[PDB]
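Shown below, as structure tokens, is a lone chain in the form deposited in one PDB entry; questions about how it binds or moves come after it.
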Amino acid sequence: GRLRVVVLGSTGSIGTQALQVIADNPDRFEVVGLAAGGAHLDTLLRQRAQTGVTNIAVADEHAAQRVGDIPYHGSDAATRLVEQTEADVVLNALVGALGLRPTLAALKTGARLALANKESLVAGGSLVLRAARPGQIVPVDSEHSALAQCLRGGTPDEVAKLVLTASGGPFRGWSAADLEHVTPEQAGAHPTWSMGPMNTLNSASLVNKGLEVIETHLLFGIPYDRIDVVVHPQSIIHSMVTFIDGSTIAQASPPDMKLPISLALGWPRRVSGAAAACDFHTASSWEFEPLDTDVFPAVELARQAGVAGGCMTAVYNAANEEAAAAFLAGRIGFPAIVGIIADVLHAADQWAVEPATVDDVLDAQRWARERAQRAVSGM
């Protein structure tokens, strides 16, 4: 009675940690599908051999050709893999708003969607939500996993606030002037989490936290004015829920994604030995500080976009993707990332309309990328 898992983005950080959790728990889990982009064929072939799964999607046609006998190849490969593979859980660890169609396909199959790809939910918004039954989307994200656990501390009507923690990034405490000179190398560091290149930059810019505020509203149905963000440099407390009696329930663990991965895969059942627990035989401190919203307005912009609703959250994410690419390429400065997002959101009148189809979401993103490029061109 074990769970069949499709792993999308298997060669990345989350995909590989997920495979390790599955390998350590053959009793509970079985890999039945793998999807990757094709940039790391060494890893993918290793995964094919180690798991014995030949049911693979490779996005890059040239890379799929070089491997040979890949059953699904091309831009729709991951989507068709999901549509055609019998599974109990789809782990979406793809990166960027491109995880949207596989997310929608997964929900349509009725399987659990263990969601690491927050962008697909942020972009899909109510379109993704309509495709899901209650509890079908289970968060892999450390914060959202923590929130889901802490919500067990009371009934829904007893929730006052959801409190997301943020690491603060490498630039915690820096001034606006300090941020002007930030290099791609400087933004490529993270004090607590080891992640891919986009999540690391997003954590530095605080856009990751903005995306997580939106994800929180969408997953848990809590109003934006009841979703708080506190800076916690240690990343040990992964988030908390405050109840109407004044009690706060918090989730805590040394930073290790295998914990929320393991919990997402086998929800509601915890997976014995998934990760190390906090060690209370040695001294430590858990520090909290307010976010400097003047220097880091990305979270406030996310709330604005979220409150607007419809396709506005897709716009927020798409504008970030474009500005982020420009920064990494050395075309714009670091403060310009969130500056461009604000510029694009301000122009995004038409996009408050609720998406009826995936094409509405794609239209919004297409516009947002263009408007983002316009803003880059002007600086």
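What we label the rigid core is the largest C-alpha set whose atoms superpose within 1.5 Å from one form to the other. For every residue, the number given is its place in the sequence shown, counted from 1.
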item	value
Residue stretch of maximal mean CA temperature factor, 153-161 vs 291-299	291-299
Segment of higher mean CA temperature factor, 136-144 or 255-263	136-144
Residue selected from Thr248, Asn92, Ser194, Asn202 by maximal Cα B factor	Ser194
Within-chain third of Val376 by Cα B-factor, per the entry	highest
Chain-wide C-alpha B factor ranking for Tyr316, given as lowest, middle or highest third	lowest
Lowest, middle or highest third - CA B-factor, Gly12	middle
CA B-factor placement of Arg226, once the chain's modelled residues are sorted into thirds	middle
Third of the chain's Cα B-factor distribution that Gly306 belongs to, per the entry	lowest
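Another form, the form deposited in another entry, is not on view; read the next lines as being about it.
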| property | result |
| --- | --- |
| Entry of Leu127, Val159, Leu179, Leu164 that shows, once the rigid core is matched between this form and the one not shown, a C-alpha shift of 2 Å or more | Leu179 |
| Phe327 C-alpha relocation of at least 2 Å between this form and the one not shown, rigid core basis | yes |
| Rigid-core frame, C-alpha of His190, shift of 2 angstroms or more between this form and the one not shown | yes |
| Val353 C-alpha moves between this form and the one not shown by 2 Å or more, core aligned | no |
| Pairwise C-alpha change, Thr11 versus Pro191, in the other entry against this form - closer or farther, 3 angstroms or more | closer |
| In the other entry, whether the C-alpha atoms of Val163 and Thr192 sit closer or farther than here (change of 3 Å or more) | farther |
